[PDB]
Amino acid sequence: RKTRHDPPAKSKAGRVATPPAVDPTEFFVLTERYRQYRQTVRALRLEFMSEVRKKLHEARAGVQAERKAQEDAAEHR
Amino acid sequence: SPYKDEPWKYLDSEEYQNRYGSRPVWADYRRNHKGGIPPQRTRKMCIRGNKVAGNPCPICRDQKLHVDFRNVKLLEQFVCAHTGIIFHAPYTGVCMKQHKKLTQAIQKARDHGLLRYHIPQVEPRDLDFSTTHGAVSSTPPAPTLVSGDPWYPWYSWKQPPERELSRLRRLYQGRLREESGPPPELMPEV
Amino acid sequence: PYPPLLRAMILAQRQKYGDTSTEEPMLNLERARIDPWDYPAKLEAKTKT
Amino acid sequence: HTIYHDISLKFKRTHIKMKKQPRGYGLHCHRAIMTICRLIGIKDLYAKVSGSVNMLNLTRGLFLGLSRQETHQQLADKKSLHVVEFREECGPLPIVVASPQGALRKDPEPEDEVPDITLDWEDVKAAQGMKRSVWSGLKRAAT
Amino acid sequence: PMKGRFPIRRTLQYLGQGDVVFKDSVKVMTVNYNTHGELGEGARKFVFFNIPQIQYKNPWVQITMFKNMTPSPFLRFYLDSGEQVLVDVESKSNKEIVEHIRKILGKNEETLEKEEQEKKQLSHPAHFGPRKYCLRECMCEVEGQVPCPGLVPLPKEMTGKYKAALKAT
Amino acid sequence: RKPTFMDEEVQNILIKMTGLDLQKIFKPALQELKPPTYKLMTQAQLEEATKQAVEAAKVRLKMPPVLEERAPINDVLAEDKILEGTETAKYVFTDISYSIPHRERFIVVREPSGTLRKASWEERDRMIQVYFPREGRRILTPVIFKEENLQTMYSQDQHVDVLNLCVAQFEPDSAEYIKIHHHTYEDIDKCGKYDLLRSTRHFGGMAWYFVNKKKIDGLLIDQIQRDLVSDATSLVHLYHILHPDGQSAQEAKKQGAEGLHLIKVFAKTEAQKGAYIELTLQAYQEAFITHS
Amino acid sequence: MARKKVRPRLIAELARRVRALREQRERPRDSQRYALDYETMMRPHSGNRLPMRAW
Amino acid sequence: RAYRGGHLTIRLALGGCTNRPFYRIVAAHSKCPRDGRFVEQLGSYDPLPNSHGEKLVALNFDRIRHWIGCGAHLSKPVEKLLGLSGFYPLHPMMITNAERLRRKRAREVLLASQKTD
RNA sequence: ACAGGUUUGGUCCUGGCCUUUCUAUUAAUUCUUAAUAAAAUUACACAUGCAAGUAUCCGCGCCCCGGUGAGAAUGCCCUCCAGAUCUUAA
Ligand SMILES: [Mg+2]
Ligand SMILES: [Mg+2]
Ligand SMILES: [Mg+2]
Ligand SMILES: [Mg+2]
Ligand SMILES: [Mg+2]
Ligand SMILES: [Mg+2]
Ligand SMILES: [Mg+2]
Ligand SMILES: [Mg+2]
Ligand SMILES: [Mg+2]
Ligand SMILES: [Mg+2]
Ligand SMILES: [Zn+2]
Ligand SMILES: [Zn+2]
């Protein structure tokens with residue numbers, strides 16, 4: 001690509017982006033599905049964050065980790 | 001080759017036993033090279049059209065030797081009876097075009113039980129066989145599945161309200177497109 | 001309702017532990033509320049508590 | 001088809017090192033040692049000659065090393081123990097080839113935890129895979 | 001090799017066959033032994049043979065020897081918590097010291113097995129990439145899939161030039 | 001309480017009936033070779049080496065699990081009408097996880113018609129082979145398992161290799177696995193080649209198939225001709241255990257006959273070539289009594 | 001990283017102070033920053049053109 | 001290398017052969033190249049079907065959900081593949097594309113019916 | 001290295017060089033098509049085209065990709081991570 005210190009081209013210096021044609025009956029029914037899908041994926045992301053928290057707590061202060069942490073010191077003594 | 005149908009007949013014929021005998025076909029063949037060590041790459045192709053490239057290969061010198069996956073006595077001469085490996089081209093003395101075909105014929109014969117090879121003893125894939133898990137068994141269908149409804153109600157095409165249609169058309173003036181209602185259920189063919 | 005594959009995964013998870021509960025699992029959307037794009041955002045610096 | 005044990009002989013100025021080989025490693029030796037073994041009867045052998053390369057000394061040292069061999073039967077007779085061969089392909093099967101004819105000694109041999117063997121760096125390199133020489137893995141003609 | 005008294009103890013096999021793996025707490029091993037008397041024969045044989053065996057599999061653990069400082073041979077392990085484990089050896093043989101050390105402070109069979117099983121998980125058979133980390137580079141070589149264009153030529157209907165040419169007309 | 005192949009009462013008898021033949025168990029294969037090793041051992045050390053070799057050959061003779069035909073997988077998880085013709089081919093999805101067994105992996109398939117179902121066994125095993133290959137498995141079906149190549153491999157008396165290849169290729173609970181196993185079990189007892197499976201790890205499997213097919217005439221006469229009386233009195237006991245309801249099992253109990261007469265009663269009650277079995281038993285008697 | 005032969009670059013540190021001072025002293029005021037030409041739809045400060053839907 | 005920012009993104013690295021695309025599903029940085037340094041490879045995607053007419057797709061769901069809970073973003077083809085698999089709901093882009101395809105088929109049928117008589 | 005040639009009236013020993021194998025660039029000679037891989041003199045100076053756009057204004061990215069190896073013996077591997085980015089109440 002270009003750089004921050006490179007000037008733009010002359011063919012696009014005086015160029016503005018143009019939007020395409022918009023179909024309202026399709027755009028609205030697509031935006032509503034967009035929202036219904038984004039809420040679902042947000043809920044799934046929250047579920048995955050909860051699973052990650054559960055696994056991290058099981059790995060930090062788990063009932064399986066404490067047993068080893070105690071039995072190793074016992075055998076050491 | 002008069003046979004052209006049974007390559008193994010020549011190996012049992014008399015004109016083979018008096019020429020080669022109990023010795024392999026590459027017994028008296030010696031390949032020339034440049035110094036004390038022959039090259040790691042042998043001749044690519046020894047027969048170009050009708051001309052023979054000087055000293056022919058042990059297989060290519062007598063046209064009655066047909067490379068085929070049926071006559072296993074010929075292919076056995078190129079596989080060590082102890083290690084079961086394939087003899088390489090510098091070891092045999094044949095051209096590469098015939099060595100690749102010999103490797104293919106050996107593999108095809110091993111894939112047909114004609115040529116023996118090592119078969120290791122392999123334990124079963126799974127330690128325990130459990131057909132009760134929900135991976136291979138049937139799962140209780142959803143109430144929306146047994147009813148014939150999509151998994152999500154917003155999967156179907158719903159008609160937006162006329163007020164929302166007008167609100168969109170008021171803001172998207174200039175770029176307005178032809179309207180289109182619900183799409184057909186089944187797509188026809190050509 | 002959960003997606004089909006994740007629903008099957010959840011139905012197969014607890015089944016191994018001896019849970020015969022055939023109750024339908026649902027995904028909650030309480031914390032899944034999001035603001036539209038027209039909702040203006042804040043411009044101040046966030047406080048790292 | 002092979003010799004009994006690995007022979008590392010040192011002639012006047014020719015150092016010969018010959019190792020035992022299975023049925024699949026046929027006469028990968030010097031072009032004169034191969035000529036001698038083809039008339040002797042050895043069909044599988046590996047040999048390396050270092051130092052001098054004189055033909056007469058090479059022949060004399062090869063014959064001396066092949067004559068100073070120790071048969072499994074003679075080893076079993078001198079040790080009063082069974083010479084048990086363990087083929088690597090036959091698994092842990094204790095194959096017996098020579099039996100100690102005579103008085104079978106019931107005294108077990110002293111198991112040395114560290115065998116004081118006289119190894120060679122040329123063999124240590126081959127065991128560790130440090131042989132990066134391009135002339136080592138070259139495909140050559142048959143026997 | 002050939003030089004030295006025991007050339008066998010300078011081989012990769014000898015250093016790899018020694019199964020002495022300390023725990024994550026041992027940091028320093030100070031071995032103080034003598035050079036006279038029939039008692040320190042075991043300590044001298046241990047220092048001569050088994051020190052490289054332990055040092056090869058414990059590269060992060062310091063191992064320091066001392067000669068003719070105390071009339072009694074001993075070893076001193078300095079743990080991470082500060083506890084000093086003193087092990088006196090006066091008539092112990094070569095293997096007895098190794099077994100005693102493995103019994104007092106070492107990794108169990110299960111401890112080594114779980115670690116060497118967890119290390120196997122990093123190399124996954126399903127991934128793809130170079131031969132250094134993965135078993136397959138390009139999925140073309142799979143027996144069921146489409147072969148590689150450099151090995152098997154693709155038909156004309158699949159070439160991008162034919163699709164770009166049929167769209168021109 | 002139906003006796004299964006994994007029951008001890010069947011396994012301990014099958015092991016004794018198979019027997020230990022080290023000269024065939026530890027047989028040099030056709031793989032790479034290396035120079036042998038030599039070491040001096042006493043007689044006690046030789047006996048210890050032989051017993052360790054027996055313990056090792058136990059693992060070689062570990063029996064392969066034989067199961068029944070698994071049920072076909074047919075279950076639809078969802079249906080999407082919008083995907084009626086959006087794709088031409090079907091998408092096969094496989095869950096990769098090293099910490100889970102293969103019997104619990106979700107192998108799903110979205111067909112181009114719009115359905116999302118579970119994959120059949122032939123597709124599940126193929127995908128597991130692709131994403132987790134093991135030595136000895138082919139992704140596609142090998143051509144050697146057809147009738148022509150299989151008949152040729154049987155004529156070349158390679159049934160042990162056929163079994164060791166089929167066990168590695170297919171799952172022991174699939175359909176073609178049982179098909180090929182029964183096909184080779186038909187040929188071995190058609191041609192009288194029971195000796196080829198003497199010391200293999202499939203003798204128990206073929207015996208457990210023969211006791212279910214009630215075809216014991218050929219195996220019994222072949223065991224009698226090899227001077228194997230224990231291997232026949234152990235086979236008749238397996239038959240009696242596997243078929244408790246039967247005249248052969250009831251007459252033996254009501255008579256209290258010994259193991260040597262357990263063969264005669266089985267030859268008289270439910271044997272097809274009973275005259276042949278009786279002639280073979282009499283020929284064994286008139287020879288063994290005179291020679292020993 | 002951290003070597004014994006590292007040179008104590010001072011110009012790179014002085015340029016930071018120079019540009020920090022020039023950011024605050026020559027800070028463009030919001031008036032001319034948000035000034036707008038209603039004919040060309042071009043910002044005279046930055047040089048960006050406004051979108052077509054906002055015309 | 002050192003970046004000024006960026007976010008973890010589970011994308012498809014197109015590493016393959018000419019006229020034979022091959023996408024490796026991988027979680028990597030967002031400012032790194034396509035086939036550059038990555039964090040963890042999860043699955044693979046084969047666009048061209050094999051002899052059985054099947055397009056093989058691989059997903060390591062256990063690590064996928066872990067990374068998504070850790071805060072990794074997804075791309076359009078990754079979301080499309082997840083919707084086709086059933087781990088995520090079907091994408092509205094896929095839905096509207098199916099609707100557009102149905103409308104194109106309907107227009108094709110109408111044109112074929114009007115050009116026949 | 002399985003090695004071979006080369007000193008001397010001649011032998012042995014010591015000994016250097018070369019040949020034998022494999023890869024890459026240029027030059028000569030010759031030359032028919034496809035596919036795949038790769039296009040490698042220049043940190044010497046550049047004519048010309050394009051490579052950073054998006055958006056109801058705000059803002060966001062603008063050596064990120066891509067390019068090269070002049071300097072640095074620079075470095076490989078290992079602890080700690082300020083700070084920056086994504087989602088959260090953390
Ligand atoms: Mg520039
Ligand atoms: Mg010389
Ligand atoms: Mg490419
Ligand atoms: Mg001189
Ligand atoms: Mg050129
Ligand atoms: Mg030129
Ligand atoms: Mg902008
Ligand atoms: Mg670069
Ligand atoms: Mg310098
Ligand atoms: Mg940090
Ligand atoms: Zn040829
Ligand atoms: Zn490829």
# chains A, B, ... in the order shown; residues from 1 in each chain; ligands from 1
call {"tool": "residues_around", "arguments": {"residues": "residue I:13", "least_positions_apart": "5", "cutoff": "12 Å", "atoms": "only C-alpha atoms (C1' of nucleotides)", "output": "ChimeraX atom specification"}}
result
/D:12-14,51-54
call {"tool": "write_last_selection", "arguments": {"atoms": "N, CA, C and O atoms", "output": "PDB file, in the first residue's frame"}}
result
ATOM      1  N   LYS D  12      50.698 -53.717   9.760  1.00  0.00           N
ATOM      2  CA  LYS D  12      51.888 -52.873   9.817  1.00  0.00           C
ATOM      3  C   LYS D  12      51.524 -51.392   9.812  1.00  0.00           C
ATOM      4  O   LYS D  12      51.815 -50.663  10.767  1.00  0.00           O
ATOM      5  N   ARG D  13      50.868 -50.931   8.745  1.00  0.00           N
ATOM      6  CA  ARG D  13      50.371 -49.561   8.703  1.00  0.00           C
ATOM      7  C   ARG D  13      48.972 -49.466   8.106  1.00  0.00           C
ATOM      8  O   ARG D  13      48.530 -48.357   7.779  1.00  0.00           O
ATOM      9  N   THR D  14      48.264 -50.582   7.955  1.00  0.00           N
ATOM     10  CA  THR D  14      46.910 -50.603   7.413  1.00  0.00           C
ATOM     11  C   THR D  14      45.942 -50.984   8.525  1.00  0.00           C
ATOM     12  O   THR D  14      46.058 -52.068   9.107  1.00  0.00           O
ATOM     13  N   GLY D  51      44.437 -45.430   6.918  1.00  0.00           N
ATOM     14  CA  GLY D  51      45.889 -45.424   6.962  1.00  0.00           C
ATOM     15  C   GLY D  51      46.453 -45.776   5.602  1.00  0.00           C
ATOM     16  O   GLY D  51      46.142 -45.136   4.591  1.00  0.00           O
ATOM     17  N   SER D  52      47.287 -46.810   5.567  1.00  0.00           N
ATOM     18  CA  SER D  52      47.886 -47.240   4.315  1.00  0.00           C
ATOM     19  C   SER D  52      46.858 -47.938   3.432  1.00  0.00           C
ATOM     20  O   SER D  52      45.833 -48.437   3.902  1.00  0.00           O
ATOM     21  N   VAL D  53      47.149 -47.974   2.134  1.00  0.00           N
ATOM     22  CA  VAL D  53      46.295 -48.617   1.148  1.00  0.00           C
ATOM     23  C   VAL D  53      47.094 -49.597   0.284  1.00  0.00           C
ATOM     24  O   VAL D  53      46.633 -50.026  -0.770  1.00  0.00           O
ATOM     25  N   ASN D  54      48.291 -49.967   0.739  1.00  0.00           N
ATOM     26  CA  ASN D  54      49.122 -50.911   0.002  1.00  0.00           C
ATOM     27  C   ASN D  54      48.387 -52.231  -0.189  1.00  0.00           C
ATOM     28  O   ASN D  54      47.781 -52.758   0.746  1.00  0.00           O
TER      29      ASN D  54
END
call {"tool": "closest_atom_pairs", "arguments": {"of": "chain C", "to": "chain I", "cutoff": "12 Å", "atoms": "only C-alpha atoms (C1' of nucleotides)", "output": "tab-separated table"}}
result
residue	atom	partner	partner_atom	distance
C:31	CA	I:88	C1'	10.8
C:32	CA	I:88	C1'	11.9
C:38	CA	I:56	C1'	11.5
C:40	CA	I:58	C1'	11.0
C:41	CA	I:58	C1'	11.3
C:43	CA	I:58	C1'	11.4
C:48	CA	I:90	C1'	10.0
C:49	CA	I:90	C1'	8.4
call {"tool": "residues_around", "arguments": {"residues": "stretch 87-100 of chain E", "least_positions_apart": "3", "cutoff": "10 Å", "atoms": "only C-alpha atoms (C1' of nucleotides)", "output": "JSON, numbers by chain"}}
result
{"D": [113], "E": [19, 20, 31, 32, 33, 38, 39, 40, 41, 42, 43, 44, 45, 46, 47, 48, 49, 50, 51, 54, 71, 72, 73, 74, 75, 76, 77, 84, 103, 104, 105, 106]}
call {"tool": "residues_near_ligand", "arguments": {"ligand": "ligand 12", "cutoff": "6 Å", "atoms": "only C-alpha atoms (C1' of nucleotides) and all ligand atoms", "output": "list in words"}}
result
residues 138, 140 and 148 of chain E; 17 of chain H
call {"tool": "write_last_selection", "arguments": {"atoms": "N, CA, C and O atoms", "output": "PDB file, in the first residue's frame"}}
result
ATOM      1  N   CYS E 138       0.803 -29.712   1.694  1.00  0.00           N
ATOM      2  CA  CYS E 138      -0.379 -29.333   0.934  1.00  0.00           C
ATOM      3  C   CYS E 138      -1.323 -30.524   0.861  1.00  0.00           C
ATOM      4  O   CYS E 138      -0.889 -31.665   0.682  1.00  0.00           O
ATOM      5  N   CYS E 140      -3.110 -31.693  -1.204  1.00  0.00           N
ATOM      6  CA  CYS E 140      -3.220 -32.413  -2.468  1.00  0.00           C
ATOM      7  C   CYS E 140      -2.772 -33.862  -2.319  1.00  0.00           C
ATOM      8  O   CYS E 140      -3.346 -34.764  -2.940  1.00  0.00           O
ATOM      9  N   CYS E 148      -1.942 -32.740  -6.606  1.00  0.00           N
ATOM     10  CA  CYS E 148      -1.241 -31.475  -6.784  1.00  0.00           C
ATOM     11  C   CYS E 148      -1.010 -31.209  -8.271  1.00  0.00           C
ATOM     12  O   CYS E 148      -0.684 -32.130  -9.023  1.00  0.00           O
TER      13      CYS E 148
ATOM     14  N   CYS H  17      -1.917 -24.374  -3.573  1.00  0.00           N
ATOM     15  CA  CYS H  17      -1.245 -24.596  -4.841  1.00  0.00           C
ATOM     16  C   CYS H  17      -2.080 -23.981  -5.956  1.00  0.00           C
ATOM     17  O   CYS H  17      -3.284 -23.760  -5.804  1.00  0.00           O
TER      18      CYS H  17
END
call {"tool": "residues_around", "arguments": {"residues": "stretch 22-28 of chain I", "least_positions_apart": "4", "cutoff": "12 Å", "atoms": "only C-alpha atoms (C1' of nucleotides)", "output": "number ranges by chain"}}
result
B: 39-41; D: 133-135, 137-139; I: 40-41
call {"tool": "write_last_selection", "arguments": {"atoms": "C-alpha atoms (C1' of nucleotides)", "output": "PDB file, in the first residue's frame"}}
result
ATOM      1  CA  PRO B  39      26.072 -41.190 -10.762  1.00  0.00           C
ATOM      2  CA  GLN B  40      23.098 -41.172  -8.417  1.00  0.00           C
ATOM      3  CA  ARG B  41      20.862 -40.553 -11.461  1.00  0.00           C
TER       4      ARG B  41
ATOM      5  CA  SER D 133      29.653 -36.923   4.290  1.00  0.00           C
ATOM      6  CA  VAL D 134      28.046 -36.941   0.846  1.00  0.00           C
ATOM      7  CA  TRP D 135      29.997 -40.054  -0.190  1.00  0.00           C
ATOM      8  CA  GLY D 137      24.851 -42.481   1.259  1.00  0.00           C
ATOM      9  CA  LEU D 138      25.587 -42.884  -2.445  1.00  0.00           C
ATOM     10  CA  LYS D 139      23.703 -45.491  -4.459  1.00  0.00           C
TER      11      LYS D 139
ATOM     12  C1'   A I  40      18.565 -13.356  -7.602  1.00  0.00           C
ATOM     13  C1'   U I  41      23.586  -7.515  -9.674  1.00  0.00           C
TER      14        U I  41
END
call {"tool": "closest_residue", "arguments": {"among": "D:130, D:18, D:9, D:142", "to": "chain E", "atoms": "only C-alpha atoms"}}
result
D:130
call {"tool": "residues_near_ligand", "arguments": {"ligand": "ligand 9", "cutoff": "12 Å", "atoms": "only C-alpha atoms (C1' of nucleotides) and all ligand atoms", "output": "count of residues only"}}
result
5
